[PDB]
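Asker: Questions regarding the structure given below will be posed in turn.
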Amino acid sequence: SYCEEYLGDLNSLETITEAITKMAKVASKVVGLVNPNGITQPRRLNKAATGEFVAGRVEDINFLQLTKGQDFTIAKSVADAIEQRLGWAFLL
Amino acid sequence: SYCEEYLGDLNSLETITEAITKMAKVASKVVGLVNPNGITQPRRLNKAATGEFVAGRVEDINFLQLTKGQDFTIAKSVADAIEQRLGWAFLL
Amino acid sequence: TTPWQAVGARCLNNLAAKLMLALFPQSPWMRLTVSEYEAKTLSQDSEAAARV
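As given, the protein sequences belong to chains R, Z and F, one line each in that order. Mapping to the deposited numbering: the first sequence position 40 is 301, numbers consecutive. Mapping to the deposited numbering: the second sequence position 2 is 263, numbers consecutive. Mapping to the deposited numbering: the third sequence position 46 is 99, numbers consecutive.
Printed below as a string of structure tokens:
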């Protein structure tokens, strides 16, 4: 067949794309983090109303986040290069 | 049928748009935080009129906010790519 | 099950379309020719090859 000669490229593209996709469903989950050596209590922030004054500080609350550095651009650019290479052989 | 080849893409997109919308519905609630080791009192701010002098400091009042960092652009960028990939196949 | 990428389908469909567009056109793709110099050694007029 004619597709025999281009199997490794398709396999590599699939391998990279799976990880790129699955690293986006982990960054869509919300989890707060309250400092235990402080003075604010999570029971007051949950029973309030749409506009109210409660007691606490803003330094004791922060949110978990994914801090992967320059490990997104590299994979993305390699994937685009592979796709552009495959595009020239099938007359796209 | 012909729509059965692309079920995975739709199921992937519908799991990210929901989270993006829920975040926006959560980030529109007002909660004010008053530091309890200070000198200002919410009872004077609440019963005042427009254009009136009261007593306090502006260093004891702050608001609660969602502080997720680069966890919004990644999801937006991936969801943007899936849409174009699904639109290349139905002749839009 | 749906593969993680959608680059193969486009390429395969495009190539399958173009190959058939080139191979089988609407106009005929045959000629059914007759040898030359054999009309010449047999004909007696200047309007024989055209009629054949």
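For each residue, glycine too, the CB sits at the ideal point set by N, CA and C.
1. Could you check which residue in Z:281, Z:272 and Z:311 has the C-alpha nearest to that of residue 333 (chain Z)?
2. Hey, how far is the Cα of residue 351 (chain Z) from the Cα of residue 269 (chain R)?
3. Does chain F have any CB closer than 8 angstroms to the CB of residue 279 (chain R)?
4. Using DSSP with H/G/I as helix, E/B as strand and the rest coil, what is residue 316 (chain R)?
5. For residue 92 (chain F), is the classification buried or exposed, using 16 other Cβ atoms within 10 angstroms of its Cβ as the cut-off for buried?
6. Could you list which residues in chain F have their beta carbon closer than 8 angstroms to that of residue 270 (chain Z), in chain order?
7. Given this structure, state the Cα-to-Cα distance separating residue 264 (chain Z) from residue 273 (chain Z), to the nearest angstrom.
8. Does residue 351 (chain R) have its Cβ less than 8 angstroms from a Cβ in chain F?
9. Given a threshold of 16 other Cβ atoms within 10 Å of its Cβ, counted over all protein chains shown, does residue 289 (chain R) qualify as buried or as exposed?
10. Excluding the 5 residues preceding and the 5 following residue 294 (chain R) in the sequence, name in chain order all residues of the same chain whose CB lies nearer than 8 angstroms to its CB.
11. With the cut-off set at 8 angstroms, would you say residue 304 (chain Z) and residue 316 (chain Z) are in Cβ contact?
12. Within a Cβ cutoff of 7 angstroms, which residues of the same chain sit near residue 343 (chain Z), ignoring the five residues on either side of it in sequence?
13. Beta-carbon separation of residue 327 (chain R) and residue 287 (chain R) under 8 angstroms?
14. Distance, Cα to Cα, residue 349 (chain Z) vs residue 331 (chain Z)?
15. Can residue 279 (chain R) and residue 82 (chain F) be called in contact, C-beta distance under 8 angstroms?
Answerer: Reading from the atomic positions:
1. Measuring from the Cα of residue 333 (chain Z), the nearest candidate turns out to be Z:281.
2. Their Cα atoms are separated by approximately 29 angstroms.
3. Answer yes: the Cβ-Cβ gap between residue 279 (chain R) and chain F drops below 8 angstroms somewhere.
4. Residue 316 (chain R): strand per DSSP, three-state reduction.
5. If you draw a 10 Å sphere on the C-beta of residue 92 (chain F), you find fewer than 16 other C-beta atoms in it, and that means exposed.
6. Those are 55 and 59, listed as they occur along chain F.
7. Taking the straight line from one Cα to the other gives about 15 angstroms.
8. With a threshold of 8 angstroms between beta carbons, residue 351 (chain R) makes contact with chain F.
9. Buried, because 16 or more other Cβ atoms sit within 10 Å of the Cβ of residue 289 (chain R).
10. For residue 294 (chain R), where only same-chain residues beyond five positions count, the Cβ hits under 8 angstroms are 322, 323, 324 and 325.
11. No, they are not a contact pair.
12. The answer, listed in chain order, is 270, 273 and 274.
13. Contact: yes.
14. Residue 349 (chain Z) and residue 331 (chain Z) have their C-alpha atoms roughly 28 angstroms apart.
15. The criterion of a C-beta distance shorter than 8 angstroms is not satisfied by residue 279 (chain R) and residue 82 (chain F).
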